[PDB]
């Protein structure tokens, strides 16, 4: 499965976070994708956005939709999975189905220091405009 290079992926995601999948929510029959409630640990990018655009449950829980999206290589998860999520707030035309949800934009990444480092680096590199 061909996946875009880290640089482009970081460009196309206004929010990058880390967290553990607590539970699988309902399904989206129109796009054949699903949602899960995620307990965030820390944001590697876009925190300010989530703060102003997403209503948080439990102070540290969000809901990401878009899982199982064919156009993404690593798009599956299970209860307890830990990942680095490249997301974006759901557009309004995806409402009210995906209202107040962050939408998976690209392949999920495993929580390893190498990844955390590389992502942070690419995030900081681009933050140099």
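Positions refer to the first chain, counted from 1.
Remark: stretch with higher mean C-alpha B factor among 98-106 and 85-93 is 85-93.
The PDB entry records a higher mean C-alpha B factor for 117-125 than for its counterpart among 117-125 and 13-21. Between the residues 77, 54, 38, 30, it is 30 that shows the highest Cα B-factor in the PDB record. Per-chain ranking of the deposited C-alpha B factor places residue 73 in the middle third. Ranked by C-alpha B-factor against the other modelled residues of its chain, residue 61 falls in the middle third.
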